[PDB]
Each structure stands twice: as structure tokens, then as C-alpha cells.
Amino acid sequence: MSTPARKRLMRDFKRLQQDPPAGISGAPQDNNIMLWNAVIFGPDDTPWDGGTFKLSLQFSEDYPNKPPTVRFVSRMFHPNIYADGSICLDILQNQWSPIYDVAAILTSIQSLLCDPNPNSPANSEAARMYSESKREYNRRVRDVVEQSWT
């Protein structure tokens, strides 16, 4: 059978698969099309380089009118990511549009890593560090990068 969210989520799955964004992979559990997992590589030539970050996307029966609940499974340290893994991101809360697909969601999160919005302090310690001395920030980014490997 095919519900409108289900029908959408199946199209979203195929398009992520045929034209995948570099360093991004994603998939639903064979047992639940509504719960997904994904992995994002810290892009090349950024202090995030080499990291393998895990994520969970939870969808509802009202997708795509309502955006998925995205969260980091692996520990992070970034100005726009809360202590629980949730992401203070534009298109995921106040600027969501049904046009955006799963692939577009992940793309934006990857780009967000190396380009934080200081005017959205989800992690206040990380925010200050990013703008004061980038030397201590890069050191701290390196850490979550090394522990994501484990």
C-alpha cells in the first residue's frame, strides 16, 4: 500500500540513491520507511575533514508538509547543534518548504558544519570559541572527528 507521505518518502529514497551528494549516504530501516539513518562525511579541506557523522531522520504521516525530526547520533561540538544532537537549522524549523527533499536536507546540514551561523547559539560554548580563537575551536572540532571514528 501507499500513503501520501510513504509515496513521497519512496521517491526521496530513489533520488538520494541515484544522484548522491558527495560524502552523504542515507537509508530507512527495511522495517520502517518512516525512520531513517544517514552518514555525513566532514567535507574535504575543512577542520571537519575525515569525520564520519551519524544521523537519524524521523518522518511523520504529514510529510512533506511537515519536516523530519533530524538529530545527530554521534557527539558534536558546533555553534548550531544543541547538546542532545538536535539542529538549530533554518529550513528544518521556520523555513521548511515541501519542495525540499531528504537529499537537500542532508546537503544543508553538511554545509552548515563548516559554515555556522553565530546568530543562532544552540551551543554557547562553541559559539564563543568559534568567533574568539579559531585555534581552540579547530582543536575541539578535531575531537568529535576522532571519536566519531569509534
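Heads up: residue numbers just count along the shown sequence, starting at 1.
When the C-alpha B-factors of 30 to 38 and 100 to 108 are averaged, 30 to 38 comes out higher.
Look at the mean CA B-factor for 126 to 134 and for 19 to 27 in the entry; the higher one is 126 to 134. For the set 118, 68, 51, 85, the PDB entry assigns the largest Cα B-factor to 118. Highest CA B-factor among 81, 57, 92, 113, as stated in the entry: 92. Among the modelled residues of its chain, residue 5 has a C-alpha B-factor that falls in the lowest third, as given in the PDB entry.
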